Amino acid sequence: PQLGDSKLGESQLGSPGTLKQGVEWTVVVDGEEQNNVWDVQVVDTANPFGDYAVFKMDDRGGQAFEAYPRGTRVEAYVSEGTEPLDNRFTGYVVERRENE
Amino acid sequence: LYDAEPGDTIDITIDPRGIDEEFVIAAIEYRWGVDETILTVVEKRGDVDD
Amino acid sequence: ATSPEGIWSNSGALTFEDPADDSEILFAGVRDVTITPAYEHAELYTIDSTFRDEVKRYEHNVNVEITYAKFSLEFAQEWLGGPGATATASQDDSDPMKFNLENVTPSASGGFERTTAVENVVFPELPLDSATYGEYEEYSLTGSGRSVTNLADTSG
Amino acid sequence: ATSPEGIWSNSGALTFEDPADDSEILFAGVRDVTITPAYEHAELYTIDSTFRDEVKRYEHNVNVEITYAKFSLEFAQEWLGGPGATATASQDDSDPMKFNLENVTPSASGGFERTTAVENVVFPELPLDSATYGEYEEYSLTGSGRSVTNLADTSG
Amino acid sequence: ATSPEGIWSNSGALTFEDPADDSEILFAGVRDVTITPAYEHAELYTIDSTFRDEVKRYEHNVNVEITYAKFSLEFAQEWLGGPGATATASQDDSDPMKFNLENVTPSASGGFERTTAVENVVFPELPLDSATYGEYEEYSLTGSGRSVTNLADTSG
Amino acid sequence: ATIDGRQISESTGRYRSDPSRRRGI
Amino acid sequence: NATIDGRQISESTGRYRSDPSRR
Amino acid sequence: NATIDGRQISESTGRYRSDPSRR
Amino acid sequence: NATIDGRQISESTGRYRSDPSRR
Amino acid sequence: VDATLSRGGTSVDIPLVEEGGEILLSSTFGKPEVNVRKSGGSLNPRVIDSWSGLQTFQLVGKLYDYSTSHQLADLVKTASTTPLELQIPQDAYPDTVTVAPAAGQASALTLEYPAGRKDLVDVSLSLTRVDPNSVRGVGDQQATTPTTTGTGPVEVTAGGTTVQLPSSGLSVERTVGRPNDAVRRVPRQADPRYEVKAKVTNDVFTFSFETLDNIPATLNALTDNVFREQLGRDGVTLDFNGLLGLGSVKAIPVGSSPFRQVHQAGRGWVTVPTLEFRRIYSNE
Amino acid sequence: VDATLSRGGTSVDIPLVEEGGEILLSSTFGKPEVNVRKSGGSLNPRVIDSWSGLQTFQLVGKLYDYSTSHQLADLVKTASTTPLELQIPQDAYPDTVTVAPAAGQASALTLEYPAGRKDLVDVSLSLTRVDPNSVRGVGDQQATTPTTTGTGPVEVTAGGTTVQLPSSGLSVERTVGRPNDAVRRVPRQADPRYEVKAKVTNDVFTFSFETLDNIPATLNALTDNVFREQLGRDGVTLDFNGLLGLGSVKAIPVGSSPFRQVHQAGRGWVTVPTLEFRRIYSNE
Amino acid sequence: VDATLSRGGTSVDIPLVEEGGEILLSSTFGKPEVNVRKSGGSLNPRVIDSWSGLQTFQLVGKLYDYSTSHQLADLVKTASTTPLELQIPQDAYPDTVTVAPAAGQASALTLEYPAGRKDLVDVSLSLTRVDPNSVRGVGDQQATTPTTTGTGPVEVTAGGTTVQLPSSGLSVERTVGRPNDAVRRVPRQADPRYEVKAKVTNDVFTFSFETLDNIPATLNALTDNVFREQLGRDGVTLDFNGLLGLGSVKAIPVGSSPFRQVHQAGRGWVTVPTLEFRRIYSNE
Ligand SMILES: [Mg+2]
Ligand SMILES: [Mg+2]
Ligand SMILES: [Mg+2]
Ligand SMILES: [Mg+2]
């Protein structure tokens, strides 16, 4: 359980938790994590072609739109299973778009 | 293949297409949601942008 | 309260009335009468229990069925005509003749007099001829009233 | 354990109660009484056998049916009135009158006294008039109770 | 093999047992007993023949129906209670009381003794009161057993 | 199912120009 | 009814359909 | 089957589909 | 579900839909 | 026993009672977000399971007053960041689940007021399970069903003409839903995130009746003033005049089949199987 | 009793008789052209209603003559700018309405000639209401059903082989429609505009029968010559030989399921549930 | 009596037997590739028939042992360029036809093992006629069903926890298909070309049961461990433990509604109408 809720000896430690499985991408904007990401595309490509990333997020009252002015730092980290986070993309914002 | 970069070499076997080779990676695209790693092999070449 | 008591069938007086006038439609020679108020009962059961939780009434009617042995031209021609009308032929209209029905029966040893009154009794079909060799013509009506308007002791 | 014994139909005393007050609703002149607790049975089978795996009870009711020959105004007006009320006319509401029922019957050789108690008996239809030429009015109730509340030897 | 012989109904000893203890549940006064093992038969027909190709069995049960004239408080309260319990009221649970049934019957001129044993007989409904004017109460059980455990000549 | 050619071409324009924007002009 | 970025790509052809012969 | 300005945009893949197992 | 040259053009919008009210 | 649906201070009890062998509760479990590979060189596909699952509850029951039915409609239609909590009276479920009206659906709630029944409303609820801590939104829109105390007929007013709907065979159904709310996948939670949107909802009234007398006049008045006229930005005023305790709503018939006149062989009257009205802007 | 469908001097009376409580006349009113806003910051949508409505008539009835049945099919299929006028025997409808065969449909008219049922033809008609003054077009194309006075079997000719269809359980269905006609929205008025196009129509013959004797030969001849051959630009000659008064038509079976051989357990014969033919180019 | 389905050495006899008047064989003939013009200035369209037709066989039968059932599943799922031959015991067909499993379908073979039945399996097959000489491909992939001689309950293992499925009311359905094989049009001949692909097949196990005892514990174990966890690339072990002679497969529940819990009025237990599992990568 969480600390403070187990009467000692009453519960198995760590439960109801289990090992991470699946792929998780986290997006870091100027050093802060973006919570409401639901899709990520990252392209890494040889010299004639531009490396780019597209992040798709849910927003409320335009609050997240304000976090991504042009030129702001964005990092995409990936982890599959219990493997440590790899920084797979670093870049800067060129376009923020919000639509219905 | 989150470790992989363009310029790296990879073994590819596709029996339906008679491929069994080492190729250079020209590009990688990672897509969440669909869980796809899209390897461009040998050379990337454009369209209207070219 | 009144004691439950036997009722003798032959002591009944059945009257039919036009609901417009409250005028008597001539009817006689009954042999059987059944009056049955009814509702559709929904018997409701819950998720985790074998037992019934509720039962609710809907869709009220009074089943009226009468057997009789005397033919009434008035009753028949009123049925044919529909509301407010008398006819000697089938009418191509959608309005059935509504009858007000009342049955008055004394109890077998005089404890009460039972009046049953039923509004807007309609009959889907009318037996005109009901002949069988060596018998008097016997007529069976099945019908539905809207509601019971009176069920009371009507002794003095 | 009590030896199985014959039961004589004419020895049975049937009483009806309002579930609110536990007051008697006057009822007499019984000729037939069937009381049957019933469940639906689901018979369940496995994948590699012709034989039954399990059988399970669902959807409980008590089938009550009574034939009687003494008319009760109280019983009829209680049915018309719905819960906690009496009426002389049909009521336009969705709550049916629930009755508590008790049948007390001695065994033929006095070995035991069978009390059957049934809760929340409802009758979808009430026979008011049930006349047949040359007969006393005989009334049939078919209804469903929620459960059997008591089945015991009440001699002591 | 044993010569076929007449069987006289009044000679049958019917006994009910609890499958937990193999203890006798007191039962008497049988008037009719029908025991019938049954399977669903799939009668299978083929591509252009009119004749039946094959037939297969696919859902076994034993139909048990009993008419009896002596009321058992044990049998009734065991039925109410479900497996391994006795109750004076309806139980809101999904387990029906399973009975082991055995009938023993001599043949009419001593050729054999017919023993029929049926496992896990369950009755969807139990008649508690079955009153008709001028008669002893007659109770009808209908139910299904899982299988016939024994059909043999049990004579010495 | 009738598809509007102006709607498709106008909606996709953002994506058609993007490879070029990635490469300069 | 089909959308790209929430805009409809279906044409507003004002052509009617009405349900076929019952059979 | 879809159309832009009356021309079919569906590919004439000469590929068969046939009815599934009944169940 | 729609494809151009075997690749899906349906957007993987992570939006749920669930069975309508029964009536 | 009885199922509670609540949002803060507001609470509605739904009896979860039905006749005989009817389905009271359906719970569907889904993995809509698994990628099963459509191709590849093996006999069997590779898969990946990397997102929240679906749980859907379909609740069927009956309500014993109209007031509670309107409260249920209001509760379902309301846009609020306060969790909608569901209490299921069956041991296989936790005491409370946080829910959204069905995730993309026009019909989350169906209320039926059938003919010949009094104080007995059929309820069908479709609800999606969501993460209790991931109810996200900015807007707040309290829904109100208009209520009044009359006895009068159902009146359709358009272009200065009022049409009274026949009482005969009169059956009413209301569907309510929130299709503009987003229920979205989350990486490593069991349950999705609920984006509450202060946006357009679904609210539809369906009537069925038999037209018995003044038949041409009644049907013609409706079809002349509603169907053969351009209603503009406005619509029909649909007034219940206190039937079911309901008041006055602004509406329009939508689509290809909102009204139907049916003539059957041997019958001297016209059946209306559907007269369907969607509620329009008036909540200013 | 009768409904009259007419175009200039051509007039067909349709009895509008049916059994029991079957639906004889359905009229659907709609507003396909209302814009209801899918989104927006209101609880309830804004709407705009700016265009013509929709009125659809569905007529079920019977005809007592095959000659009249062919006239009805010819009348429905014909391209002409002369109004198709419908007279309905019910007071809710104006004495005449201008109609198009159902707007987008391949199936405006169904005529069934069932087994048994001598001189009884089942009619189903779908018609769309159009503005009497807004019937527009260039071409006249008179549709003729080929008619002859023989007794002979239904014969199917392809590639010099002729197959006689079994009389046993024989049912015929004909389906007619005009999907290439435009029914178009207009502002400011009640009814749409009808654009009559001298273009391809739908005309389909469906057969149902039971093959009782010479089963391999009969079925093989049809399958080998029609289904296993390429027919090219030409097709199949479908000759009725005077059954129902019908003659010779050029047709082809179209699609995935135009023909089925059904074998049932315990039966010594083959059922053909459908054999479906579409009429091809033949007028010069 | 029996239809023989075979591929070289491997042969299965399917008894074409069913109850009463059920359909044992349906053969559908089609022309999927006929071009019928949508328009043109004619009344009737011009056509062109240039390609192979379609013949679809649907076989309903019954198998009398589980061993033969598994052999049939393996025969249908196998990728091999050895022709699959169908011998039909009816005179309207040639002695052998060459077949593919249904051309684009997830369900070519359905096998039902219903409750109450021993040594009796329901078979539904859908097959497409292909040119004997046009069976083209590279790869052999031998399908095997894992078999064992146990008696144990059906077990579902996910994340270290095993659930035992109730024996009560237990039914199994197995669906097999080859949707990734291409059946393709060829000019100038009757039958299409079969491209055998050593690629992903469809293999689905569906279960139906009643949960009678330890109801929360049983259902919660399944829903917690299978549905509310992320399974990753790995999935669920589905082990038959020798029921029907079957063993252990790796699987996952796929889609929007693979599991349902059903609660009915007046019942003390939970129905599971469906629990669906698709077989995932295992086969080296
Ligand atoms: Mg602890
Ligand atoms: Mg753990
Ligand atoms: Mg790079
Ligand atoms: Mg680059």
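Remember, it's 1-based here, ligands and their atoms both numbered in the order they're listed. What's counted below: heavy atoms across the whole structure, side chains too, no hydrogens, waters or symmetry copies. Sequence lines set the chain letters: A, B, ... in the order given, protein chains first and strands last, and positions in each chain run from 1.
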Inset, instruction - Determine the interplanar angle of the A:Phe89 and A:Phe55 rings, folded into 0 to 90°, and report it as parallel if under 30°, tilted if 30 to 60°, perpendicular if over 60°. - result: perpendicular
Legend entry - side chain to side chain contact (heavy atoms under 4.5 Å, CB included), paired with J:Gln87, selected from J:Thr96, J:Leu5, J:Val97: J:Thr96
Inset, instruction - Tell me, please, if A:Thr45 has any N/O/S atom, main chain or side chain, under 2.8 Å from the Mg ion (ligand 4)? - result: yes
Inset, instruction - Going by the side chain to side chain contact (heavy atoms under 4.5 Å, CB included) test, name the single residue among L:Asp213, L:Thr218, L:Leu212, L:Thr211 that passes it with L:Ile215. - result: L:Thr211
Inset, instruction - Would you check if the Mg ion (ligand 4) lies under 2.8 Å from any N, O or S atom of A:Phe49? - result: yes
Inset, instruction - State whether B:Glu5 contributes an N/O/S atom found under 2.8 Å from the Mg ion (ligand 3). - result: no
Inset, instruction - Take the Mg ion (ligand 3) as the vertex and measure to OD1 of A:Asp44 and OD2 of A:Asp51; round to 10°. - result: 80°
Inset, instruction - Please report the shortest heavy-atom distance between A:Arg97 and A:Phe65, naming the atom on each side. - result: N-CE1, 4.3 Å
Inset, instruction - Examine A:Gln12 and say whether one of its N/O/S atoms is closer to the Mg ion (ligand 1) than 2.8 Å. - result: no
Legend entry - Ring center gap for J:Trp51 and B:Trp32 short of 6.0 angstrom: yes
